[PDB]
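Residue numbers (the authors' numbering), protein chains in the order written: chain A, 1 to 531, 607 to 822; chain B, 15 to 130, 147 to 235, 240 to 432, 441 to 498, 607 to 764, 775 to 821; chain J, 30 to 82; chain D, 5 to 62; chain E, 13 to 62; chain F, 22 to 62; chain G, 22 to 62; chain H, 21 to 69; chain C, 1 to 104.
A virtual CB, placed ideally from N, CA and C, is assigned to each residue, including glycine.
This report concerns only the one structure given below.
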């Protein structure tokens with residue numbers, strides 16, 4: 001009745017464990033299954049697709065298929081998973097500078113109405129011990145002694161571990177990362193289980209390693225599927241999520257590379273899926289013989305009929321592709337049932353645009369939704385055999401460059417930049433393994449901006465150095481033509497405007513007397529011979620503009636400044652920056668000291684942020700070569716004049732990307748970031764726009780910060796005047812500096 | 015109606031409620047030991063001793079529920095003084111609390127003993159077994175400070191303390207009930223919950243509540259794992275049960291589990307060997323297993339607020355390596371499973387080792403004292419604490443309870459400010475205060491509180615008096631005479647009136663030969679006569695220099711420890727019965743930290759009395785403390801203006817402001 | 030001939046099932062087929078009966 | 005739902021309470037015993053009636 | 013001893029009052045079935061006359 | 022009142038069950054006797 | 022006290038007499054029952 | 021005694037309905053009318069024979 | 001935009017996809033289901049009832065030729081969304097996350 005019915009309804013349910021085929025981690029990278037089918041998950045940073053010639057994606061598919069066809073055992077399987085998702089993990093940053101706070105509030109205001117979503121690719125290469133279903137029909141019933149169960153155990157683990165090594169070696173340019181157990185707080189947290197749980201739950205719940213089968217406790221969201229429909233509903237604590245599945249069932253006379261790219265640019269957060277149950281050469285040859293027989297039992301079409309299947313069968317025997325059973329189920333996530341249907345219709349239009357006729361899954365919604373979890377063939381709706389080249393053409397592991405929002409060595413990403421593609425890039429200095437000589441290290445964090453100036457180079461570097469204060473980083477800025485003075489003053493640090501005819505202001509007279517300091521001072525006076608507190612602030616600046624014409628003085632000035640900054644780096648977040656680097660660095664003395672102290676500094680959170688106006692002038696010298704090759708995060712800028720030799724030979728930039736750089740406008744703000752192998756023609760932009768607040772389109776303009784950040788000796792020579800009249804504090808004199816700016820802006 | 019789930023019937027002896035199915039029960043009120051005072055070294059020893067005393071009385075009959083109930087305490091009442099200065103102090107200090115936690119934790123352990147002219151002798155055997163179990167548990171919990179809930183007559187209407195806890199479990203609000211001839215199941219519920227038939231949330235008659247089931251098997255990392263819930267912005271009742279299994283039953287369960295794990299298609303040698311280790315760890319490790327379900331029932335006002343509470347709790351427990359599984363249809367069973375002796379309604383219990391039960395509910399709580407119910411009205415004041423829990427300070431901590447208090451610390455470092463604050467806010471009791479002073483510490487404070495402090607004659611005219619002997623402190627000729635005279639005359643006044651002493655420094659009068667024996671005998675006489683000594687000392691080495699001082703210190707109730715970096719190791723360590731870890735916490739405070747470690751009974755916390763903005777506390781401490789220039793200004797004003805307390809205080813404010821400029 | 034109710038029930042059930050395709054969304058021959066095939070089979074059965082008499 | 009119990013006799017109240025509990029349990033088990041005894045007697049007359057009914061059915 | 017984890021769990025999960033209510037209810041149900049069977053037999057006999 | 026009331030109500034329910042069964046058996050035994058002594062002639 | 026003693030007296034007298042009449046009437050029912058209902062059988 | 025306010029009740033998915041192509045009903049009815057008149061004449065001869 | 005497109009160099013895809021193993025143009029598993037059903041009918045009511053084969057067999061051929069894998073979808077639906085008991089109570093078919101395997 002009204003009391004006991006709770007238990008009566010409780011015990012009469014089918015738990016989600018019946019549908020989730022997982023169990024104990026057996027190896028730190030491999031998950032078991034109740035049917036003993038061990039699998040591993042492969043997080044992939046898909047390589048860029050926009051910046052490549054059309055033939056070169058063909059070449060990528062060729063290499064990828066060539067590596068696959070070596071290891072594609074008849075016992076394999078693949079589940080790609082491109083889980084488009086929106087970024088909830090990007091914390092708002094505290095700040096102290098008023099100018100920085102204003103800049104960041106304006107910038108984050110400029111993102112009202114933008115796709116803030118990041119692609120996340122995956123791959124789970126699975127390994128069934130036995131291929132043929134007929135004998136496995138018996139094998140599901142027999143009893144095996146534990147020792148032979150162990151024998152199957154090591155056989156499968158070794159086989160899958162070889163597969164993992166081969167895939168890792170084959171994804172060198174794809175930035176792949178095998179996911180494996182990581183420990184938090186004296187307990188084991190699984191890295192793959194979080195992904196497969198995201199497949200089940202729709203959220204990212206950190207899954208610990210408890211003392212049960214994972215099938216028992218891996219679902220924390222009660223799903224609900226409609227009786228007659230295509231959409232469902234996940235009843236969770238944080239809120240309902242309605243999902244509407246979809247299905248592909250009609251191919252065409254084509255496997256054009258990356259035809260499913262259009263769903264990368266989506267406005268709807270979804271989860272694509274695939275499957276490639278690799279299939280035996282006799283069975284594949286029989287399927288192709290069946291197609292041949294059916295076709296040849298008809299009128300003699302001239303060419304589609306005969307020679308095509310001639311070459312198809314001849315390749316299949318000659319080992320150039322491996323057929324397999326495949327199924328793709330795009331599932332869109334949404335908040336209301338109308339909206340998920342709207343997204344489903346959009347996805348159907350997108351798929352029809354690339355000639356793969358989709359039909360929404362209606363009767364097998366639940367079967368499809370349980371067909372996403374890897375190691376589930378019994379739940380796939382429509383497995384249809386295809387060529388392997390074709391499967392790798394339904395999942396070339398293309399991806400827009402996005403970067404890593406969190407998890408970085410310093411923390412959150414420094415800035416977020418508009419991309420011409422549309423998908424936002426989460427910029428950050430620390431790239432992944434450029435040097436590629438040793439795994440255990442601190443992530444290389446350099447940066448090299450190159451390109452003819454006035455195209456925003458000073459604007460760009462000021463923008464990064466203005467937004468990077470969420471880290472509280474020390475900065476030492478060697479600039480040129482007084483451009484950075486206004487910014488460095490705005491960031492509340494000492495800026496020394498070195499100039500001829502005025503006393504230098506700093507000298508080594510009061511240096512400490514220790515024997516190492518005596519060594520340095522002896523070295524300096526041996527180098528000079530030729531023919607207040609520095610610990611006060613955080614963001615320093617020094618101007619070396621007049622030293623470009625000085626052969627002798629560059630060595631003493633840079634020697635002293637660099638030595639003083641050397642004592643600074645004791646583990647605190649330190650960010651050297653520069654400008655037109657080679658001439659300050661065009662010194663015979665400290666190239667060796669620079670490389671050695673570079674290797675030293677890189678450990679305790681050191682960064683070099685280089686710059687350049689004429690990259691042709693830099694690559695010539697010896698010193699600039701090691702520094703070009705020692706920068707992870709390139710940032711190229713545009714130039715009306717370009718040369719093939721410098722950009723390709725020196726900067727490891729491909730031919731298509733070089734033509735892309737040449738194609739850039741003269742003064743259009745567009746700079747090609749190149750963190751690692753991945754590329755993306757991003758553009759931070761400071762144009763006019765509208766704000767959605769109180770129903771008011773409050774016109775907001777970044778020029779009030781452009782005339783601050785942008786380099787102008789003229790503006791600086793009146794900024795210096797107004798600071799001389801009132802030099803109280805940058806937080807205080809900023810409004811009146813803007814006032815005098817408004818006073819001259821019409822004279 | 016609702017009695018279909020509540021098993022309670024009636025009492026069998028003063029301390030053992032019965033059950034409908036003859037399952038005798040007992041309730042214990044466990045204060046718990048502080049997990050901040052002692053380092054990580056002693057927590058393991060606590061768990062081990064609890065394991066020892068549990069397996070000592072291990073039997074298949076026993077069982078245990080454990081509840082951590084959090085309250086938004088309202089029983090702490092506002093009090094109106096009869097002096098404007100104290101009212102000002104109270105009003106600003108209370109306004110210093112807008113936005114704080116104001117939540118107390120209570121920990122309850124219940125032991126139920128269900129058996130599995148003979149009949150009468152078996153009734154007697156059952157009750158005797160349960161009372162012996164109670165005696166052993168009480169021997170065990172001496173450090174924790176638990177009290178045995180028992181009947182208490184209130185003016186001819188006998189009541190029953192255990193019914194109150196079992197009521198709060200179901201009613202959700204402390205509704206007192208009498209013991210009467212019905213079966214308590216009929217009327218123990220007053221505000222009956224109304225669970226939504228889908229079972230996501232509930233109701234009460240005001241507060242919506244959703245649940246979480248904390249099903250964990252892995253051995254805990256910390257001896258208290260999910261103690262992050264002890265500090266949170268939501269109320270709950272976290273419940274654990276330990277229905278023991280007889281030793282052969284535990285062996286059989288482990289054997290069946292190992293067999294069903296073996297007979298599978300995948301081999302996992304990280305599990306089978308561990309379980310097989312535990313199976314003969316059980317025989318030789320001597321811990322007895324049992325059933326265990328864990329449920330957290332957060333309360334709220336808005337249903338969306340309850341879901342936000344659940345999400346916060348789920349995150350804050352994933353931070354400690356446990357995964358909460360939300361309850362959707364089992365909520366009715368879960369809630370009716372909270373009542374002790376409701377074995378039937380447990381959702382899905384699974385056997386748990388004894389170490390892991392005592393390490394999931396180890397009886398840790400931030401020390402918080404008694405909000406009310408004290409022998410002297412409510413708690414005098416509500417001190418803050420590190421980690422944000424309100425300590426409800428009071429001098430009466432466990441034949442009236444002992445009240446003598448000592449305040450050991452430097453006079454410059456906030457001793458006098460603290461004493462003035464405590465006396466001013468404890469003026470709500472209207473007790474006589476007989477103040478004694480050193481270096482004119484309390485002259486201005488007493489004269490503000492309407493005393494007749496006599497700087498250096608019957609007590610009926612005023613309530614407060616203060617005698618200053620800082621002039622006559624170190625002059626061995628007649629301290630003993632003057633102290634006999636003051637003590638004798640004050641003692642003549644000691645009858646009926648709620649009474650108090652304050653001694654700023656006592657070790658000089660302590661070495662008196664004649665006076666000390668009289669003090670000890672009068673102490674023995676007064677302990678039942680609402681006597682509250684408030685001792686103090688600038689530095690403990692001054693006190694422990696005298697031997698009799700140790701004898702007087704042994705008879706003290708609450709110790710407050712200011713910040714004294716120059717503290718001798720021996721004094722705090724063995725002289726005052728402090729812990730080594732507490733000695734570390736004393737030194738951890740800076741020179742002028744303004745925090746202090748209050749060892750109250752056998753638990754302690756850092757009562758940080760912070761005078762932040764939101775400041776009027778600056779003005780109050782400016783008038784609270786006493787300096788010779790302050791004293792001369794006060795004396796001049798009092799001489800010229802008159803006697804009344806509040807007439808001169810604005811003039812004093814003006815003159816002191818002029819001095820500060 | 031009881032084969033007359035027999036053909037009646039079989040042909041009517043077959044027609045109902047075949048027209049259930051439009052709801053089931055497994056046939057893309059809505060107008061031309063559902064008149065043409067139906068009229069062909071109907072004329073065949075009508076001829077069969079008018080011959081049987 | 006009446007007022008509190010008479011506090012002058014704590015011992016008497018729960019003394020008679022334990023007495024009542026024991027007597028109730030005893031009477032309920034005795035009632036179960038008589039229940040099966042009556043079930044057996046009812047079965048015996050039922051089969052006597054059935055046997056004579058069949059044998060007298062000519 | 014009991015030596016059966018199922019036995020101990022089900023012992024905890026069981027209440028005396030409900031078990032005995034069910035026992036006496038089943039005893040009365042069987043007694044009623046036997047009584048009705050006896051009435052059926054007597055009807056059969058009284059028919060068996062004629 | 023309360024538990025004692027349950028005890029008293031319980032045994033009086035048992036008593037009226039006894040009266041019911043005794044009445045049914047007395048009437049049904051007298052019925053058996055009367056059908057028999059209807060047969061005997 | 023008085024009420025409980027009266028209830029116990031009703032217990033003893035009425036319930037014991039109800040089952041005593043149950044036993045005696047059942048035995049008489051059994052005697053007549055066997056007798057006549059075997060007679061005409 | 022009423023469903024508890026602001027909670028997740030039954031699904032919003034039961035509101036879904038299968039749309040009908042707005043020609044199936046009318047022509048299906050007319051098709052059954054004609055087939056039925058054929059079948060009735062057929063059983064008229066069936067009984068008559 | 002226009003991510004990589006085709007210029008007739010696309011890797012050939014042959015229409016041996018979902019050309020299921022079929023006898024007479026019908027897959028083995030569903031045709032065996034029909035054989036079992038018609039055999040049941042023949043053994044149950046009357047033996048003249050292997051004439052029930054050609055009608056439904058032809059309708060199955062027409063179903064399979066149009067939409068090659070209808071029967072797999074049918075069986076998946078029947079097994080999962082048709083078995084789930086409490087479809088009515090929840091307003092939708094749902095599976096409890098916590099594993100209530102009827103144990104205690």
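Three or more beta-carbon pairs drawn from the stretch 29-38 of chain F and the stretch 23-42 of chain G are found closer than 8 Å, and the two stretches are therefore classed as touching. Cβ-Cβ separation between residue 17 (chain C) and residue 386 (chain A): approximately 6 Å, consistent with a contact (criterion under 8 Å). A direct Cα-to-Cα measurement between residue 625 (chain A) and residue 655 (chain A) gives close to 15 Å.
Looking at the DSSP output, residue 649 (chain A) shares a beta bridge with A:474 and A:681. Judged by pairs of C-beta atoms under 8 Å, the stretch 212-230 of chain B does not touch the stretch 178-185 of chain B, as fewer than three such pairs exist. Interface annotation for the stretch 22-47 of chain E against chain D: 32, 35, 36, 39, 40, 42, 43, 46 and 47, criterion Cβ-Cβ distance under 7 Å.
When C-beta distances to chain C are compared with 7 Å, every residue of the stretch 323-341 of chain A stays at or above that value. In this structure, A:102 is the residue among A:95, A:116 and A:102 with its C-alpha nearest to the C-alpha of residue 776 (chain A).
Two segments are said to touch when three or more pairs of C-beta atoms, one from each, lie closer than 8 Å; by this definition the stretch 45-53 of chain C does not touch the stretch 333-343 of chain A. Across the stretch 246-259 of chain A, CB contacts with chain C closer than 9 Å involve 249, 251, 252, 253, 254, 255, 256, 257, 258 and 259, in sequence order along the chain.
Residue state for residue 266 (chain B) is assigned as coil, using DSSP reduced to three classes. Between residue 51 (chain F) and residue 23 (chain B) a beta carbon distance of about 45 Å is seen, past the 8 Å cut, so the two are scored as non-contacting. Between residue 100 (chain C) and residue 230 (chain B), the alpha-carbon positions lie close to 17 Å from each other. At least one C-beta of chain H is nearer than 9 Å to the C-beta of residue 240 (chain A). For residue 153 (chain B), the three-state secondary structure derived from DSSP is helix. Taking 4 residues as the shortest admissible run, the stretch 152-220 of chain A contains the following complete alpha helix (DSSP H) segments, listed from N- to C-terminal end: 191-201 and 214-217.
Between the stretch 443-455 of chain B and the stretch 676-694 of chain B there are three or more C-beta pairs closer than 8 Å, enough to call the two in contact. Under the three-state reduction of DSSP output, residue 328 (chain A) falls in the coil class, being neither helix nor strand.
Scanning B:671, B:160, B:489 and B:788 for the CA closest to the CA of residue 802 (chain B) turns up B:489.
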